[PDB]
RNA sequence: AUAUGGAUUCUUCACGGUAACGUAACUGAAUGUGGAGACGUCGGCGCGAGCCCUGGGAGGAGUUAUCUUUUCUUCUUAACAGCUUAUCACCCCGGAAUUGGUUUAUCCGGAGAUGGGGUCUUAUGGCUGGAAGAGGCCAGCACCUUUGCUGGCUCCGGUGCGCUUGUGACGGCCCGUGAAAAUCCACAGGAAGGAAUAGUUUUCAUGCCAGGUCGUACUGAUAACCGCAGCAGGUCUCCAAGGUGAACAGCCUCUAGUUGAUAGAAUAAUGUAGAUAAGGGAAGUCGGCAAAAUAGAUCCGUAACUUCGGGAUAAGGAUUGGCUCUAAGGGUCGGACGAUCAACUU
RNA sequence: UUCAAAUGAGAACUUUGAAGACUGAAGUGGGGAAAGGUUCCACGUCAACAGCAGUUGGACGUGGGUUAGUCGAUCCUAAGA
Ligand SMILES: [Zn+2]
């Protein structure tokens, strides 16, 4: 399993003609000081690797789930 | 530095059936709790308040849920109330005096 | 206080049968056979080890790129960076001495 | 200080083997463990290994020589005689 | 070795009849000379199916047993019904 | 087998750094040379892992005549991938007596030390993905189905002449110097061909196909092997907790395992194994045979003889429990001390 | 070693529960190499066998069971043939 940090590469990867399935995981964490935030993980299945992107902001994850390609299968949880 | 935790205990199921009282419970707690040494050293450090439907303890010194379960089992065995009542937990630091499966 | 076992048919404590004890995500202790260590490549004259070149097993050099097995200079992956200055200087001086002996 | 009166290195042999044999091995064992001078180095780092073979720690050299000392009197005198026979044949 | 010598019998013990149900795996008895290529070929050609893998084992009695797994587009229950034994 | 991207080129076969060297790539025939595979035994020292020990907290179980913030238990993180991490080794500046740096162990410096600044191998650790969705521990709710549901918590640390094991740099020993080949990689050499209209790149990234034959059950020994047998006998190896203790000795205990070996009733002489004994102390017997006595550790002390290394634990004396204290022995933080933390020896 | 129940024609010896002890991590524990060859598991069963017994059994009768691109052999060479 690999990991990507830049979002353009993630979107590009969701459109590699070989990815079929993705998964959206929700993790209730805490930011080491006082507050529980809702970290989100996007996991795209390749054919020899599995790629992952981690977002802490909720709005960015909403925009991701919005602009995901409308041809890819997505397992919520 | 001294962030006070709160311990709330439900007593209802035995209380409403004649087999329990909350006032002796609260007095037993307030006079057997130890601080740094023997009992009787609660100088505005812990506070026990009875309500009949909830018993509340607030402390600032060393305290835990295990200490409270220890003192409660002591009280119950002294009053011959094991085999009928059992101390349990519902949330983190919220407890209740349920019944053994009669 | 939990005890472990070999995981292959070889029951002896030879060179190729080396165990580590590991804690799995299931709560238990388990053996794990480790592989042999790697030696750094050596100078062809100096005998010393070489910089830059990564240390692996022999076959594993067939799956690594060309930059992990060489440096950017003459005798890049075989000689020493100091056993090369010497064999430059000696060649130059020998040709010079030959030229002077032919002049006289 | 001197922890032994006379046995020295051979103190490891204890009471065994007889006195004269220990007195004989003492000379050779003191010889074969000392450090000598490298000539191509200027430094005193020579040290035996595999009798006959004397190795420089620095300088990575290797010389042949005696079995318990770098150079024995016989080969010294042989070298002297060859050095003497050099001039009479140069001219 | 024709594909009538290769596949000899089906195995019908009630421990084997559960793999065809849950695991979707046909258990066969093949000849001591067939290999994992010929077994795949013969099964595919006799029952027009999609074989995913074949495992084999030489039993203590002397013969050789095959575990042939099918793909998600077929049903070993129905195929064994067509062969007759269930 | 190859297609889609990327890089190189009209200077045909790439750039940066003074240097150690760096990188996503970045052609190389015959012949030649190199490296790994590839190696003895011991000693202490440093580091890492599992186990042991232990503090706070979140749940569950035990005891409670009296006492105990108590006793036991759960609190886990695989191969693999990316970023990063050190002893050694190396480079640049500099030019050292008033001799310096330095290991438990004495070696190093004009053949360039100490010092300042950098480069490398990644054992080994740290973080992130794999991965909490898994596994563990709890609470509630439903049952003549052979089969389920929903909630929670799964966190933060300390210590070491500890045990087991891996590994690094050193030291010692030899009239003893402690395998070979398959296989893989690189270097030197410069054949051939090609570009800029398409090549070169399959040692850069992603994408497609396949991986055959035999073993695989169970025991491994006071019942599975070899002994005429189901014989108190024989035969190679791995893992391995707490106390007492110098200790893998003896004695007790947790996790696992066993409760197997004909039984019942009485208690004579004898036999076998284990003990005590008044006064005497070898008078017994061929003969102190067999038994008895001594025994750990700390201190005072120790002869003849000697191949000077030994004899030697020579011989001969004295002490040892429990409890309350005293003095000595360290780290890390602020430039004489000031604060705090931790261990077990005398 | 002991108590009760269950099964059985029949119980000191089989099964369950309760108590009492033992091996004491150089084990009476958990795995293998060679060797053995079905001794593994289920069902039934007691003519003989397990030096008393037996409803038990590695016995007796009938069936089930061993799945690999990554663990071994296969490949290499050593002393030697
Ligand atoms: Zn020298």
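Please arrange B:9, C:22 by counting, for each residue, the other beta carbons lying within 10 Å of its beta carbon, fewest first.
Least to most surrounded, the residues fall as C:22, B:9.
What spacing in nm lies between the two simple spin-label points modelled at residue C:73 and residue C:49, each 7 Å away from Cα in the Cβ direction?
Distance between label points: 2.0 nm.
Could you list B:24, E:13 in order of exposure, starting from the residue whose Cβ has the fewest other Cβ atoms within 10 Å?
So the residues, fewest neighbours to most, are E:13, B:24.
Could you grab the relative contact order for segment B:3-102? Cα pairs under 8 Å, six or more apart, rounded to a whole percent.
Relative contact order of segment B:3-102: 35 percent.
Taking only Cα atoms, what is the 0 to 90° angle, nearest 10, from helix D:73-90's long axis to the longest principal axis of chain D?
10 degrees
Could you tell me the convex hull volume per residue, in Å³, taken over the Cα atoms of chain C?
177 Å³
If you take the C-alpha gyration tensor of the protein assembly as shown, multiply each eigenvalue by 5 and take the square root, what semi-axes do you get, largest first, in whole Å?
75, 51, 33
Taking the number of other C-beta atoms within 10 Å as the exposure measure, put B:96, C:9 in order starting with the fewest.
Least crowded to most crowded, the residues run C:9, B:96.
Restricting to DSSP H runs of at least four residues, report the calculated mean residue ellipticity at 222 nm for the protein assembly as shown, -39500 (n - 2.57) per run over all residues, nearest 500 deg cm²/dmol.
Dividing the helical sum by the residues of the protein assembly as shown leaves -8000 deg cm²/dmol.
To the nearest 10 degrees, how steep is helix B:22-32 against the longest Cα principal axis of chain B, on a 0 to 90 scale?
Roughly 40 degrees, rounded to the nearest 10.
So how tilted is helix C:85-103 from the main axis of chain C? Cα-based, degrees 0 to 90, rounded to 10.
20 degrees
Counting alpha carbon pairs within less than 8 Å and at least 6 residues apart, what relative contact order, in whole percent, applies to chain A?
37 percent
Using a basic spin-label model with each label point 7 Å from the Cα along Cα→Cβ, how many nm lie between residue A:54 and residue B:91?
Using points 7 Å along Cα→Cβ, the separation is 3.0 nm.
Methodologically, a virtual Cβ is constructed for each residue, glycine included, from the backbone with ideal geometry; neighbour enumeration extends over all protein chains shown. No value in this document is a laboratory result; all are computed from the given coordinates.
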